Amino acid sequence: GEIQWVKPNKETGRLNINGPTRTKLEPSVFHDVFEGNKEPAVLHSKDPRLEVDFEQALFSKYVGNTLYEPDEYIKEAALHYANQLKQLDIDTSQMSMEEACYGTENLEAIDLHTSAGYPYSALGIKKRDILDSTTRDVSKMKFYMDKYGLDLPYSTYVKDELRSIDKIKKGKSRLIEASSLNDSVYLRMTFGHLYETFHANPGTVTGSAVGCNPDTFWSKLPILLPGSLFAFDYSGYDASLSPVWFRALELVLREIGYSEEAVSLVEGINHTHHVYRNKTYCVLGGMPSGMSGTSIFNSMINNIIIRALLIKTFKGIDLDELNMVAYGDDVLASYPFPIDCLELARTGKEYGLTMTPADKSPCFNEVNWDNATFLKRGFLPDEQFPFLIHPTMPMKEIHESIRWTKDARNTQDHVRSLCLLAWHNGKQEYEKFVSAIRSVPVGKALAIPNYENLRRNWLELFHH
């Protein structure tokens, strides 16, 4: 992805978009009970912690574009994935607007507690002034769709969240691209049924883990991904995507039966306009974060990428022997013979992708079940039932989360959620966690899950 131009909002006729600049994060009652290094992200050009220019760091993720049109490998890769998806009989028919706005069994309703985006936000028009869960009306939405159209610019905001101490200094806070309500509705009308299919089928047919529940999905993964594992990290995956990958997505969508009207929306994702503050800018390539379908489309593109890297890097690859799941840019894959990602990453550089070792070393070392991570979680066989696999969120991440809060009124839920993640690291680690929690007065006032109850509830998901 690459910024094509920047213009003042006076020249483009767009309204200003500034957004909050003070974090909602505050040190919690546990801030000094646990060690951690993260702090609230830089949200302002004049944050005293900065050590470089903010805006430059902010937009550095747009590293440029390499290829614009698919080569032989990307074409083969897209067609192999599209063929695989065919066995799901995805309904390519337009979803009803009533269902696109208000949801189905497998598609959550549009979030009514968030902004409606351009231009509604600057006009003080909330989503609840157009949509109504009880009434399930679409007359008002249809009116505002035809009034304001589609391809409305995204509103850029800096994401208020914890960041490591290095990304505080380097200004590397994350951006979110607030979609317009209109575009969300139209994207959900067009691809709603694909979203349903994907949400209902996390695994190696979709090649996607969106919709997985790790408590039970982890036990399936060693069976879905037999053989030798390989994985790696992307730096700034979304923003690094060249236009070739959206062309490749078009190939996938057409081959599974999408009408030319449906497939023509991908260029609206490849080529987007954004309002940050008092300026409008154009982005060519790069997936917008904050668009309907971001997770799923990023995961679909990744399935194309892994396939194409393999058949371009190595001779004699059989794509039918690849196994993989992707959650956006996060990937865990298997193949009958070991795969050298040092070579995958060189090929990836040609495609404009920056890939680094999974263990965060400078060297690409073997990935196996004892060091693989996915959605930041490790894989740990149960001690009693070794076919049942614990997802292990590192205690270090749990410590970072517990040290801060955005609303201390919900401390008990926050801690309970972390306990639900933490017990998977075993009885000694869990008891040490609860006992540290209990070493301060708020901690003694909390209902904390008992470890034996946690383990028993988890076993009951499997009936064993």
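From 1 onward, residues are counted along the sequence shown.
Checked against the other entries of this protein, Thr347 counts as resolved in every one of those spanning it, not missing from a third of them.
Of the other entries compared for this protein that flank it with modelled residues, a third or more give no atoms for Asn365.
In this entry, 355 to 363 shows the higher mean Cα temperature factor of the pair 355 to 363 and 237 to 245. Look at the mean CA B-factor for 422 to 430 and for 40 to 48 in the entry; the higher one is 40 to 48.
Between the residues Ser299, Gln94, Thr347, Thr216, the entry's highest C-alpha temperature factor is the one at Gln94. Ranking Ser295, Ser208, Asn278, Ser228 by Cα temperature factor from the entry places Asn278 first. In this PDB entry, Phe379 carries a Cα temperature factor that places it within the lowest third of its chain's modelled residues. In the PDB entry, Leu15 places in the highest third of its chain by CA B-factor. Per the PDB record, residue ranking by Cα B-factor puts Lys159 in the middle third of the chain.
Among all modelled residues in this chain, the alpha-carbon of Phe462 has a temperature factor (C-alpha) in the highest third. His80 sits in the lowest third of its chain by CA B factor, as recorded in the PDB entry.
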